[PDB]
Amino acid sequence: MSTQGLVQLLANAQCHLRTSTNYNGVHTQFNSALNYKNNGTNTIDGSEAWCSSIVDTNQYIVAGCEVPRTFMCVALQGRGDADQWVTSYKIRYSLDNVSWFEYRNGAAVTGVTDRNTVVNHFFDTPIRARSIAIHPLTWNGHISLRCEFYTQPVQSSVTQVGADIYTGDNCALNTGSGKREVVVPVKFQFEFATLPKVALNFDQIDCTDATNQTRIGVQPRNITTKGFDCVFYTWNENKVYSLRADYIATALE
């Protein structure tokens, strides 16, 4: 409930995990998810934790996301099947994957004190990053842990720009009276995965006023994943020689 609404990165397989060392083939980051449990009657599937091979203050597990995230919280947990756990750690992170920074300038963060009781650390300020690493500093018995990172949900957009949709010179809006429309169908360069929203705005206006009034419009109609109808219009007595517009279409998720 402290982390309700947040994305559990490891649980959802949203990040790639790299470790400094693994004790062996059954003590790897495959076993690192919070609350990970294995077959307790068979020894061959190894530890309920990631466990390092070298025991010093230079070990770490790195979580990597290609899509930037807002990190709210890191949860630490000990090993489920033996009395080993990390009592303090530091956190490092990177947004651009070139420069790295240390949380709290590398100061220790409180870890856990038993096998199974989870300890959440909410970052002093939420951390915007692509990659993040837990660096154990002190430990009981061995460097062995399970963990989770909690991030705000992310949204993904795909945008297409289309330039210069045009009525043509001396278009049908240049005569007549009342509401009048000229329809130019538009097909997007590629079909969207989901239904887009479309901005469509003027870049060239060639029109005549009517009793000093300007009346022009452009609007999408019948938007689909594949395209839309670009509707240029005027109304009343106005005569419009030509109109041009550019579009921006964006689909979410």
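Residue numbers here begin at 1 and follow the sequence given.
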(request) State which stretch shows the higher mean Cα B factor in the entry: 170-178 or 91-99. (result) 170-178
(message) If you take the mean CA temperature factor per stretch, which one wins between 207-215 and 42-50?
(response) 207-215
(request) Pick out which of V158, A107, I132, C147 has the highest C-alpha B-factor in the PDB entry. (result) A107
(request) For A245, return the chain-relative third of its C-alpha B-factor as stated in the PDB record: lowest, middle or highest. (result) middle
(request) Would you check the entry's CA temperature factor for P126 and let me know if it's in the chain's lowest, middle or highest third? (result) highest
(message) Considering every modelled residue of the chain and its Cα B-factor in the PDB entry, is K187 in the lowest, middle or highest third?
(response) highest
(message) By the recorded C-alpha temperature factor, relative to the other modelled residues in its chain, which third is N31 in?
(response) lowest
(request) Could you tell me which third, lowest, middle or highest, the C-alpha B-factor of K239 occupies within its chain? (result) highest
